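Enquirer: here's my sequence, what's the structure:
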Amino acid sequence: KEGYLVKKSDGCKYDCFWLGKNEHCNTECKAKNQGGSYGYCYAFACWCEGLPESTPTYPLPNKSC
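Expert: Numbering: from 1, shown residues only. Shown next is the structure:
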């Protein structure tokens, strides 16, 4: 499904910088702990595709950004 990577720390959606293939955001999405074969930045949002249903992601069970 879709998974807008968020700021694990405790802020809001996870932002990026240069559009296109991400550097650390690309390895954080293709990680074997996710199971995704796609992921880029929509303007400044690290979008991720492949996040299983057991992978928590925006929104958050606590923060309501």
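Enquirer: what separates residue 8 from residue 20, distance-wise?
Expert: 23 Å (C-beta to C-beta, to the nearest Å). Just so you know, the C-beta spots here come from the backbone N, C-alpha and C atoms, and that holds for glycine as well.
Enquirer: wasn't residue 3 part of a strand?
Expert: Yes: the assignment for residue 3 is a strand, going by DSSP: H, G, I helix; E, B strand; the rest coil.
Enquirer: residues contacting it?
Expert: Residue 3 makes contacts with 36, 47, 48, 49, 50, 51, 55, 57, 58, as judged by C-beta atoms under 8 Å, 6 or more residues apart in numbering.
Enquirer: let me see the ranges of the strands in the chain.
Expert: 2-4, 38-41, 46-49 (DSSP state E).
Enquirer: elements contacting the last one?
Expert: If I follow you right, that is strand 46-49. Judged by 3 or more C-beta pairs under 8 Å, 6 or more residues apart in numbering; DSSP states H and E, strand 46-49 is in contact with strand 2-4, helix 24-29, strand 38-41.
Enquirer: of those, flag the one that's most buried.
Expert: Here the criterion is mean neighbour count by mean count of other C-beta atoms under 10 Å, and of the helices and strands packed on strand 46-49 the winner is strand 38-41, at a mean of 18.
Enquirer: picking up where we left off before, would JSON lines of the strands of the chain with distance to residue 12 be doable?
Expert: Output for those, formatted as JSON lines (distance: least, C-beta to C-beta, whole Å):
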{"stretch": "strand 2-4", "distance to residue 12": "10"}
{"stretch": "strand 38-41", "distance to residue 12": "15"}
{"stretch": "strand 46-49", "distance to residue 12": "12"}
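Enquirer: who wins for proximity to residue 64 among the ones you listed?
Expert: With C-beta to C-beta as the measure, strand 2-4 is the member of those nearest residue 64 (14.7 Å).
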